[PDB]
Amino acid sequence: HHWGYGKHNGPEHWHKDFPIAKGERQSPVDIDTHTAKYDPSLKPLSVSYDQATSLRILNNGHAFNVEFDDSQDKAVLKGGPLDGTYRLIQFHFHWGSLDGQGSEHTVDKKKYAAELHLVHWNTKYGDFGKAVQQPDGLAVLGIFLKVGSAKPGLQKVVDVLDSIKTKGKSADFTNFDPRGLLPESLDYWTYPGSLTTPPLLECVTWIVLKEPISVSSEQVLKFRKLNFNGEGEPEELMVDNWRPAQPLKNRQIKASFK
Ligand SMILES: [Zn+2]
């Protein structure tokens, strides 16, 4: 038995196994655009993804993760509110059962159809397991998805999902370029927060991009055909794997733009 997004084990239950769920710097949050503070000292993001090496795609029972080689500085995030170099280790999505929901963050209470998380860890801590124990250990780039036009650079991911339908399945996934998932503008909001899945550690600098990317209804439809369950178990569609907004408490959201 274990956490998930169902009626008996979803986000409202997580605090019993993970008391940090009611902590002071939980994610996601609603981004109130009129209350966010423009901060001129914020630097532009530096995304260096030209030498990225993707390796594998995995259904972990809660999402699917595209994994990268993070044994060297190949795909890194620098700049913005960050000090130091953060290496890309994996990206994943959260999505809904319907187009009107699915994102984790919201903007002026608006929900998007899905949210992309590019997860990076701070190289000064040596490995990902050490980094998540540190308040400045991770940086996650969050990108909203809206339904409209198709996203050409997402199609290679959509076409492999049939091969990892059920929990624990993986497939080789080499030569994927994550630059094809970025919006035109890199303007962002940032705040200190947490992982949005157990163990919910408060180790994340969130960088949430203002500009959404567009994907087609057929693309997001294929996400909704994945399964939470393992092969041979009763079928439960992988939908609504998002955590709702958490109280902002003593935090300020900063904007890189006006
Ligand atoms: Zn996530």
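One-based numbering, in listed order, for ligands and for the atoms of each. When a residue number appears, it is its place in the shown sequence, counting from 1.
Hydrophobic side-chain contacts under 4.5 Å tie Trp189 into a cluster, directly or through other members, with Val29, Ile31, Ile89, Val107, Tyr112, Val119, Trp121, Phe128, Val132, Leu138, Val140, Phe144, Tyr191, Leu195, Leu201, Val204, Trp206, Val208, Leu248, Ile253, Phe257.
Here the protein contributes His92 NE2, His94 NE2, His117 ND1 as N, O or S atoms under 2.8 Å from the Zn ion (ligand 1).
Using the six-membered ring where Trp is involved, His120 and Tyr49 have ring planes that are parallel, under 30° apart on the 30 and 60° scheme. Ring-plane geometry between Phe68 and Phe91 is classed as tilted, the angle between the planes lying from 30 to 60 degrees on a 0 to 90 degree scale. Using bins of under 30°, 30° to 60° and over 60° for the plane-to-plane angle, the ring pair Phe228/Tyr5 lands in the parallel bin.
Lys110 and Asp108 are not joined by a salt bridge, as no carboxylate oxygen comes within less than 4.0 angstrom of a charged side-chain nitrogen. One finds no salt bridge joining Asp172 and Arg56 here, because no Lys/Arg side-chain nitrogen approaches an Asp/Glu carboxylate oxygen to under 4.0 Å.
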